[PDB]
Amino acid sequence: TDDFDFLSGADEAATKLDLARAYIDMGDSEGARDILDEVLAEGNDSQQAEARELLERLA
């Protein structure tokens with residue numbers, strides 16, 4: 001069953017890191033930034049670091 005199919009905080013941050021990259025590829029830096037900010041709050045230390053890297057490319 002799919003009764004318990006839900007994603008695990010880090011899996012969500014991982015997805016969001018990739019979504020953020022897609023927004024960047026598309027030139028929507030505002031859309032990328034909003035998603036990256038979620039990673040800052042949600043991701044582990046590595047994902048937070050990566051999100052910070054991506055945020056710096058936007059500046």
Side-chain angles (χ1 to χ4, degrees), residues 1 3-4 6 8-29 31-51 53-59:
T1 56
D3 323 1
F4 294 106
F6 76 108
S8 54
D11 252 3
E12 133 179 69
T15 299
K16 285 181 189 182
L17 281 173
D18 277 313
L19 285 176
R21 291 179 182 275
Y23 275 95
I24 295 175
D25 292 339
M26 201 194 89
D28 185 5
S29 59
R33 176 188 177 268
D34 292 355
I35 292 189
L36 288 172
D37 292 336
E38 291 164 21
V39 183
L40 288 184
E42 296 158 18
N44 58 31
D45 294 346
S46 187
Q47 295 169 321
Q48 284 163 330
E50 185 176 340
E53 190 200 339
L54 292 177
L55 282 168
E56 279 178 3
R57 302 214 84 106
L58 300 188

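The residues of the chain are indexed from 1 along the displayed sequence. Below, all heavy atoms of this structure are taken into account, side chains as well, without hydrogens, waters or symmetry copies.
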**Student:** Nearest 0.5 Å, please: how far is CG in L36 from CD in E56?
**Tutor:** 11.5 Å
**Student:** Where do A51 and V39 come nearest, in terms of heavy atoms and distance?
**Tutor:** CB-CG1, 3.7 Å
**Student:** May I ask you to decide whether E50 forms a salt bridge with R21, counting only side-chain N to carboxylate O separations under 4.0 Å?
**Tutor:** yes
**Student:** Look up atom CG in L17 and atom CD in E53, then write down how far apart they are to the nearest 0.5 Å.
**Tutor:** 10.0 Å
**Student:** Nearest heavy-atom pair of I35 and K16: which atoms, and what distance?
**Tutor:** CG2-O, 3.3 Å
**Student:** So, for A32 and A20, which heavy atoms are closest and what is the spacing to 0.1 Å?
**Tutor:** CB-O, 3.7 Å
**Student:** Which pair of non-hydrogen atoms, one from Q47 and one from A10, has the smallest distance, and what is that distance?
**Tutor:** NE2-O, 2.9 Å
**Student:** Is a side-chain donor or acceptor of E42 paired with a backbone partner of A13 at a separation under 3.5 angstrom?
**Tutor:** no
**Student:** Evaluate the side-chain proximity of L55 to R33: yes if any heavy-atom separation is below 4.5 Å, no if none is.
**Tutor:** yes
